[PDB]
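Notes follow once the structure below has been shown.
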C-alpha cells in the first residue's frame, strides 16, 4: 500500500557551452615515420590526419578533463556550484579504481556532487550526453558537466604501421542544462559485440601483471573491419537520429561524425545526403582520433573558427570500440 | 525555427527480477591470510566476513555478468530479445577497451542492443540503476539489464593485512522495465573526490607498463578512513533517499547497505531508525565485498532464502571507491 514517489525535471535541455583542451605538444606524421615504413602523404590521403596532440607525462585523462571542464564552465558563465553532476567519458583512465569523476569534481570545487565514469569505446560521449539529458529531465539533476577525455598516446605502439598515426590526446566538456527550447534529441545507439576485437587493447592488464617480462599491452585496430562497418552502417543510424529528433536531412546545418577517418566520414556525407552547404567537422586534420573526446573537440573547433554557430542543428554520430555507436541531433552551444 | 522532438516512456518502472552468479571456489580467511599471521575469528568479528568466492582463471567480469544476466532473464520470464539495452557496472574489466557491455549483449544473443560500462567505484550499481530508470522513463529503452560484476581477486595483495580479506568475485543483474506502480525511487548520489586515495589501485597501469620490473599494482583499501566516512555520512544519505521516495523510516521492510562491513551496517540500521524486524542484508558473510555487484548480489541472497519477498519496500545504499555513494528506495524483485 506504500507508493514510491515520482520526481521530474525540466523537459527542455540543451548544450549551454563547450570547452576544449588540447595538449601543447604537436606531433607530425613525419615524427612517427621514424619507426614506420609509410609517409606523410600516405597518412593524410588514407586518414586525413596531418598532425596530432600528445599530452605531457604529468598529464592524464583526469587532469585534462579538469581543464576542459573549467573552460566549459567559464564559457557558460557558471561555476561548479551550478553543477549537480559530472559524467566523465573516457577509455584511458589507467586505474581500475577510483573512478575519475569524483576527483575531477573536487578539482573544480565541488568534491561532493554526484558523478561517474562512462565507457562505451569512442561512442562514450554520445551515451554520456544522453544519460545526462535523461537524468536532468528525470529530476535527478538540473545542470551537468559531460566531459570526454583521452590520453591515448601511451597506449600507442610506435611500430604498428596500422594505427601509430591514428590516436591522440585531448579533452572537451559540455555543460548540459535547461534551455528555452529542446536542444538535445532522443538518443539512438547500439553495438555489435561480434566485432569487439576490431578495436582493442590486445593483452588485458592482469595477464600482463602476472607476467611483466612478456609483451606489454597496446591498442590494436583492424582498419578494414572498422571501415566496412562504419562507412556502410552509420548512414542508417544517422537517419534514425534525425527521424527521432523529428528533423529532415536538409534541416541539418552541421554534421559532426566521430573523427576516426576522413574517408569513412566522406562516405557518410554522401550517404546521408545533407544540404550541399552543410558544414562537416574535419578536426581530425590536426587533432587525430581522440576517441571519447572526439566529437566535443570537433564541435569546439567548428565553433571557435566560426564554421558552426550557436543555434545550428548538428547531427552527432559516434562510432568506435566494442563496436558501439551513439548518435543524436543537438543544437550547437555557445 | 526547427523544433527538436522529445520522446517519452513508461513513467512507472521497477525491478522485474534479479539474477545472481557466484563463482564456485570458496576461499576461507586463512586462505588469503595464509600469508599473514592474523586471527580467523578477528576477520569475522571486525568485518563480518567468513568466506568469499573467487572466480576461476577462465572467468572474467564480462563472463560472470553474462551468466548473471541469463539468470535474471529467466527469473523474469523474459528473453534476450525483450531487452533494449544493457549497462554493465564494474571496476575490474581489465581492458581499457573494448567495453564489456557489447560483449555481454552479443553473448546473450541480444544482438545490436545499446549498452555501455559504468564505473563509480563500489557504488556503480545505484548509479546504473538510476540511469536505466532515467533512460526508460525518457523513452530511450523499454526494458533493460543492469548488471554489477567484479573479479577483484587478481587485484588483491595477499600480504596486505589491511585488506587481503575484503574483496571478492561475483555478479548480479536486474531487469528494469515498466511496472503498474512506481518501483524505483529517485536516485540520491554524491561523493567526496578529496578522498579518492581511500580505495585505489596504487600504481596506474601505464606507469607499471613502462617499468615492468618494478612493483605490480594492487588494490589498496584504507579501512579506518572509509568506514569513518561511511558511518558519518550514509545515515543522511539513507534519509534523503527515503524522503525523495516519500516514505518514512518505519516503512522500510528491507535494508540493503553495501556489503563492506557488518558493524557499519548495524550502525546504519540504528541511525536510520528502521524497524527492529526490518530484514538487513548480510550476504557479506560468505560473499565478502564484491564492490559494484554487492547490492544486487545481496538482494538476490535475501530473496533466495525467503528473508525478503517481492514487493517488499527496500532501501539500497551503495558506497565505496573514488568515494562515491548512490542510494534509492525500491520494490524488491522476483
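The chain as shown is numbered from 1 upward.
Backbone N, Cα and C define each Cβ position, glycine as well.
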Of B:249-253, B:254-258, B:259-263, the range Swiss-Prot labels region 'ACP-binding': B:259-263
CB within-chain contacts under 8 A for residue B:122 (active site), separation at least 6: B:91, B:199, B:258, B:260, B:289, B:291, B:292, B:294, B:318, B:319, B:320, B:321, B:324
Neighbour-count leader, CB within 10 A, active-site residues: B:258, B:289: B:258
Summary of DSSP states over the region 'ACP-binding' (B:259-263), given as helix, strand and coil counts: 2 helix, 0 strand, 3 coil
Secondary structure at residue B:289 (active site), reduced by DSSP to three states: strand
